[PDB]
Amino acid sequence: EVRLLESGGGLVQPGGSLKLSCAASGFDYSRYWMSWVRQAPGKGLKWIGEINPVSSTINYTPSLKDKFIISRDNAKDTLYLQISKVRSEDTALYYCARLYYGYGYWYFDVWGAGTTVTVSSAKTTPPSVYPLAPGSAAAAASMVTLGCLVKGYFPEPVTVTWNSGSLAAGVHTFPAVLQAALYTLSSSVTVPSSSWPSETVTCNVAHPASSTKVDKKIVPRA
Amino acid sequence: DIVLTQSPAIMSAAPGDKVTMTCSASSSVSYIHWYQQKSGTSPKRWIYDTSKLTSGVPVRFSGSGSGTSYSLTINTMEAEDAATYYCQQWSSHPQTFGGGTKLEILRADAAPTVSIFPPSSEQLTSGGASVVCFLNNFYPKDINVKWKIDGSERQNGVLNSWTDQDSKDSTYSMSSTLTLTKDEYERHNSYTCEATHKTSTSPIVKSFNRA
Amino acid sequence: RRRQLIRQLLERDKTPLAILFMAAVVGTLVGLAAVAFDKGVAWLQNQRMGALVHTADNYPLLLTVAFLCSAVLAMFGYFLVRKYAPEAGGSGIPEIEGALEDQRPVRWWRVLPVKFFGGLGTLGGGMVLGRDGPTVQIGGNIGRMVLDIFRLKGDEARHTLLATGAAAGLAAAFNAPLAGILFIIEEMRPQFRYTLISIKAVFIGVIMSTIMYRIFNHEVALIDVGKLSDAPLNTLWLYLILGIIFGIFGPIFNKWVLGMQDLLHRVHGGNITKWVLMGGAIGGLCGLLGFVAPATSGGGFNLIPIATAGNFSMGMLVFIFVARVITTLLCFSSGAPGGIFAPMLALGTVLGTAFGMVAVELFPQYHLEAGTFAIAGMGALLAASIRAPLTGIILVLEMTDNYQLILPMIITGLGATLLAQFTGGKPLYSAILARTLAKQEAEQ
Ligand SMILES: [Br-]
Ligand SMILES: [Br-]
């Protein structure tokens, strides 16, 4: 298969610098031009720059002297992007793409998965994970809705699975909302009245940024 | 540089139904390309050189156009056709993508399955009280949610978050969370959550009393 | 003429075993002839280098031992030609072409020694001249030599062994088998009437010649340029433009070589001693410019990989192109023995790289490499000046092995030859034959 795997993107301070890295596997990475495209949260795809196989011509978007530095290590099958004096404008999902052509009007042939760059003064904070069980005198229906609230972690992302990913139908995890330099989100799992509380439903959260893995059991109230 | 504006910024359409977005350029442009982005996946090259389908791209898809106007089109939309379609140009330099056109399924209205939750004994212990209210599996995505503390409307401390349209059933979902201090939370007894949809004139009250 | 054709058709391609065998031996000798010739040019060019070391302190004395050494070897080569074989001056492809029209003699007992040793002096002095001229004429004569020695009779044998000589001659000069055969077929045969040149045999001589060369040269190629990028369809129009540029330059360059023959003939009038002295100064200017500014001198094969890789500036490319236009005229139009092919590759590359440069900067949406424009412009002075484009193409295809660039090479080349025709220009080798045949009558 042909695989682009970029890495390096995390949390950085304003005015700092970061070096992104794209790992090409399954094709002759030489002979291709490589390019970087980034997508600011809920916005369009924007072009950073490109590099030609012999590194002899490197073009960048109409933006700033030493802002971007594209380079490639043809021997290591890896492509690199250095962003400097990082603003909050640069908080985005960064894509690594290979370039090709048809009639000679160049397109973005194969894209990679991406890596997310978060630019904030806010400090890493682990989430507090609280169970949402239905109220004491609940209207015990055929389906029962449970939840768990993941409150006050930074930065994105947290992953939420139920019973280690076995309970997969009827789950929703909402988008985290940000307030006062922290994130909160919650997950819903609907099961049948016969499942809970007869068997155990568990909410597993991981915030890697803060080395947090935690399981919170949902138990009935009162 | 050359600015590209896609036309139905968002749109819905039933399966087996004929979809058509637009790409429009501030100057003259040659041989546009189109990428399909599903939520959580890398953009896929979908159509290139104004018209040519990439290997895999099902044949219902098709592009067309000239100069300053192009278009994508699905003769019989499928379920798996729901994604964002980005148009892109390199006839000029540098190159430019389009704003996006979000394609979502259209379906029968469904009403929200509302659920209300009291702050956990755990969160309370640490000193806060967040009341969570799940509004689950409805269509369309427009909804309003109102909170009542001892039957009086409350506006501060409420944050809501919709999911992206669902994979399996192509409904939405949306949570609303009212956060107070444990202090303010214990002053009052009845917390109520009212989902005001389109599928009824009469809101869906769910609530609980601390007693 | 139907019953005649039915008869001729069934008798096609039955070359006499005697010409097929004699084609083999002509090629073998021309290969050895060429190989020896190359090795000898290289050994003189070395000696010249080893002299500038024994005298590398006294920069004025340096510039002096550099001028004299190339002048002495140049004069030796001018003299060898006027005194003993006057039609071994210049390239010599015009003569072998004439010999096939049966209008010019093949004085092999005289020119074989005159061209070989005379060429070794001019080429090995570092004048701007090609190995083509010498090896193609030397090899034509070697073809006559063996025609006489074995007294084969017929037009077939005379024309054939003459032809496979020139072919084996050009192949062994550029390690270019296909380019040799296609040189006879497009350029060397008599152009206004039928001929009996057996092509199966020109092939046997070319094979043998090229094997001889591979026996003394392998593992290193004449031009190593690596594998470049492709050309996308929306780029082609830029190569057809480049050819148009060459097609107006081709004929201007023709005019300059002809008039420079005249302008330099006024210098000696005909006088075997003024002439030799002039080529001492010409060869000595070359031996100097080869120390103080190498890319303006020599055969030109040295700077082609450098120019393709974009390692010269646009300002250097302009310099080189003007200077090399000049020292090609001083050296080829003087009549010193040696070809013009190889320095027309250089000129065409340098001009092609510079146009590639401008096209890169004007069109970043095209994602150009300037090296692909040099490779299309290598065969383009051949095509616009001497009007053998199918030979320059297969020559340039063979030496650089970038088949993916076939379309922009063809396209530039037709552009060059079409604008050369349409701006009123003449194939360089034929307009030299004509001026030669037009004085071999105007004396009466
Ligand atoms: Br000549
Ligand atoms: Br040469």
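Residues numbered from 1 in each chain as written, not as in the entry; some residues may be left out. Chains lettered and ligands numbered in written order. Heavy atoms only, no water.

As documented in the archive entry, the model was determined using X-ray crystallography at 3.3000 Å resolution.

Under the PDB entry, chain C has the name H(+)/Cl(-) exchange transporter ClcA and belongs to Escherichia coli. Comment text from UniProt for chain C, heading Function, reads "Proton-coupled chloride transporter. Functions as antiport system and exchanges two chloride ions for 1 proton. Probably acts as an electrical shunt for an outwardly-directed proton pump that is linked to amino acid decarboxylation, as part of the extreme acid resistance (XAR) response." Regarding chain C, the UniProt comment filed under Subcellular location reads as follows: "Cell inner membrane". (UniProt positions renumbered as here; feature names shortened; annotations may be inferred.)

The PDB entry lists chain B under the name antibody Fab fragment light chain, with Mus musculus as the source organism.

## Notes on the overall build of chain B
Scanning chain B from terminus to terminus reveals two helices and 19 strands. A compact globule built from 211 residues would reach a C-alpha radius of gyration of about 17 Å, whereas chain B, at 23 Å, exceeds it by more than 25%. Overall, the C-alpha framework of chain B stretches about 70 × 35 × 30 Å when taken along its three principal axes. When each of the 211 residues of chain B is scored for burial, the buried share is 49%. In chain B, the share of contacts with a sequence separation of at least 24, taken over all contacts with a separation of at least 6, comes to 58%. (Helix = DSSP H or I, 4+ residues; strand = E, 2+ residues; numbered from the N terminus. Rg over C-alpha atoms; globule rule 2.2 N^0.38 Å. Buried < 20%, exposed > 50% of the residue type's maximum accessible area, 1.4 Å probe, protein only. Contact = heavy atoms within 4.5 Å.)

## Thoughts on the sheet that holds strand β18 (residues 202–207) of chain A
All names here are of chain A. Spatial ordering of the open sheet is given by β14-β18-β19, a layout of three strands whose pairing is antiparallel. Where the open sheet ends on each side, the last strands, each with one partner, are β14 (159–162) and β19 (212–217). On average, adjacent strands in this sheet sit at an angle of 20 degrees to one another, irrespective of strand direction. Inspection of the sheet shows β14 paired to β18 by four bridges, in the antiparallel sense. Each residue of the ladder has a partner; that of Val160, found in β18, is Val205. (Pairing = 2+ DSSP bridges. Axes fitted to C-alpha atoms, helices over the stretch in contact; angles between N-to-C directions.)

## Quick notes on unusual backbone geometry
In the segment running from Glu156 of chain A into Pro157 of chain A, the intervening peptide bond is cis, with an omega of 15 degrees. Omega for the peptide link from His93 of chain B to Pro94 of chain B comes to 0 degrees, which places this bond in the cis form. Within the secondary structure, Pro94 of chain B sits in the loop between β9 (84–89) and β10 (96–97). Phi angles above zero are rare outside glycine, and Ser170 of chain B is one such case at about 60 degrees.

## With respect to the nonpolar core
In this structure, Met127, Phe174, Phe341, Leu345 and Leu395 of chain C are the most contacted members of the largest nonpolar core, which totals 124 residues. Among the elements that line this core, the one with the most residues is helix α10 (residues 236–268) of chain C, at 11 residues. Of all hydrophobic cores here, the second largest spans 24 residues; its members include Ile48, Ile51, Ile83 and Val86 of chain A. (Core = buried A, V, L, I, M, F, W, Y, C linked by side-chain atoms within 4.5 Å.)

## A short note on the sheet that holds strand β14 (residues 144–149) of chain B
Residues and elements named next belong to chain B. Reading across the sheet, the four strands line up as β15-β14-β18-β19 and stay open at both edges, with antiparallel pairing between neighbours. Strands at the two margins of the open sheet, each flanked by one partner only, are β15 (152–154) and β19 (204–209). Going across the sheet, the axis of each strand differs from the next one's by a mean of 30 degrees, ignoring polarity. With six bridges connecting them, strand β18 (residues 190–196) and β19 associate as antiparallel partners. Note on β19: the bridge partner recorded for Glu194 is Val205.

## Thoughts on the environment of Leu73 of chain C
Residues and elements named next belong to chain C. Tracing the sequence through the fold places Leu73 in helix α3 (residues 59–84). In this structure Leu73 comes out as buried when scored by relative accessible area, which is 19%. Each C-alpha atom of the pair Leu73 and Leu120 lies 8.2 Å from the other, and the pair is 47 residues apart in sequence. Once residues within four sequence positions are removed from consideration, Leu73 is found in contact with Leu44, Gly121, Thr122, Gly124 and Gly125.

## Topic: the packing of α10 of chain C against helix α19 (residues 428–442) of chain C
Residue and element names in this part refer to chain C. Look at α10 against α19: their axes get within 10 Å of each other, and the N-to-C directions meet at 30 degrees. It follows that α10 is roughly parallel to α19 by the angle criterion. With respect to the hand of their crossing, α10 and α19 are arranged in right-handed fashion. For the pair α10 and α19, the contacting residues are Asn254, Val257, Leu258, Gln261 and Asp262 in the first and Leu428, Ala431, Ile432 and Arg435 in the second. In terms of residue class, the contact of α10 with α19 is built from five nonpolar, two polar and two charged. (Parallel < 35°, antiparallel > 145°, perpendicular 65-115°, else oblique. Left-handed = near helix turned anticlockwise from the far one by under 90°. Nonpolar A, V, L, I, M, F, W, Y, C, P; charged D, E, K, R; others polar.)

## What about the domain arrangement of chain B?
All names here are of chain B. Along its sequence, chain B is carved into domain 1 (1–107) and domain 2 (108–210). Of note, the centres of domain 1 and domain 2, computed from C-alpha atoms alone, are 37 Å apart. Every contact between the two is made by seven residues of domain 1 and, on the other side, 11 residues of domain 2. Taken together, the two surfaces of domain 1 and domain 2 that pack against each other cover about 770 Å², and 37% of this comes from carbon and sulfur. If you sort the residues of domain 1 by the area they bury against domain 2, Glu104, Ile105 and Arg107 come out on top, with a joint share of 79%. The tally of links between domain 1 and domain 2 comes to one salt bridge. The shortest N-O distance in the salt bridge between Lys102 and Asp164 comes to 3.3 Å. For the interface between domain 1 and domain 2, the tally reads seven residue pairs in polar contact. Sort the elements by how many residues they give to the side of domain 1 that touches domain 2 and strand β11 (residues 102–105) lands first, with three residues. When grouped by side-chain class, the residues that make up the side of domain 1 that touches domain 2 number two nonpolar, two polar and three charged. (Domains from an automatic or database assignment. Buried area = accessible area lost by both parts, 1.4 Å probe. Salt bridge = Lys/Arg side-chain N within 4 Å of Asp/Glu carboxyl O. Polar contact = N/O pair within 3.5 Å; in protein donor to acceptor, adjacent residues only side chain to side chain.)

## Here we look at the interface of chain B and chain A
In this complex, chain B contributes 44 residues to the contact, which on the side of chain A involves 43 residues. Taken together, both faces of the contact between chain B and chain A bury some 3,700 Å²; the carbon and sulfur share is 63%. Among the salt bridges present, the one from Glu122 of chain B reaches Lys216 of chain A, with a minimum N-O distance of 3.4 Å. Residue assignment for the side of chain B that touches chain A shows that the elements contributing at least two residues are β4 (33–37), β5 (44–48), β9, β12 (113–117), α1 (121–126), β13 (128–136), β16 (158–162) and β17 (173–181) of chain B.

## Structural notes on the side chain of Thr192 of chain B
All names here are of chain B. Inspection of the secondary structure puts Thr192 in strand β18. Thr192 gets classed as buried once you look at its relative accessible area, which sits at 14%. Other than its neighbours up to four places away in sequence, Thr192 contacts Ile116, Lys146, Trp147, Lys148, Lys206 and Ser207.

## Side note on the packing of aromatic side chains
According to the stated counting rule, one finds 44 aromatic pairs over all chains in the structure shown. Ring plane angle 80 degrees and centroid distance 5.2 Å describe the contact between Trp111 of chain A and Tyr35 of chain B, whose orientation is recorded as edge-to-face. On the criterion of chain membership, the pair formed by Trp111 of chain A in strand β10 (residues 107–111) and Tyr35 of chain B in strand β4 is interchain, its members lying in two chains. Neither residue differs from the other here; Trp111 of chain A and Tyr35 of chain B are each classed as buried. Ring-pair connections join several aromatic residues into one group, and the members of that group are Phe27, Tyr32, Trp33, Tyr100, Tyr101, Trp106 and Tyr107 of chain A together with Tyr48 of chain B. (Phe/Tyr/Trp six-rings, centres within 6.5 Å; stacked < 30°, edge-to-face > 60°.)

## Examining the pattern of salt bridges
Close approach of charged atoms lets side chains of opposite charge pair. Residues and elements named next belong to chain A. Summed over the entire model, instances satisfying the criterion amount to 24 salt bridges over all chains. Linking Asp90 and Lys67 is a salt bridge whose minimum nitrogen-to-oxygen distance equals 2.8 Å. Residue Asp90 is found in the loop between β8 (78–83) and β9 (92–100), and its partner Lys67 is found in the loop between β6 (58–60) and β7 (68–73); the two are separated by 23 residues along the sequence. Exposure class is identical for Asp90 and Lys67. Each is buried.

## Considering the side chain of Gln89 of chain B
Residue and element names in this part refer to chain B. Within the secondary structure, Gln89 sits in strand β9. A distance of 3.1 Å separates the side chain of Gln89 from the backbone oxygen of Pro94, its partner in a polar contact. In this structure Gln89 touches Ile2, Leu4, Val29, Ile32, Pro94, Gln95 and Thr96, once residues within four positions along its chain are discounted.

## Digging into the pairing of β18 of chain A
Residue and element names in this part refer to chain A. In terms of residue burial, β18 counts as a mostly covered element, since five of its six residues are buried. Note that β18 and β19 share six bridges and pair antiparallel. The residue bridging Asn204 from the neighbouring strand is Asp215, located in β19. Here β18 folds back onto β19, and the loop between the two strands holds four residues, one of which, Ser211, carries a positive phi near 50 degrees.

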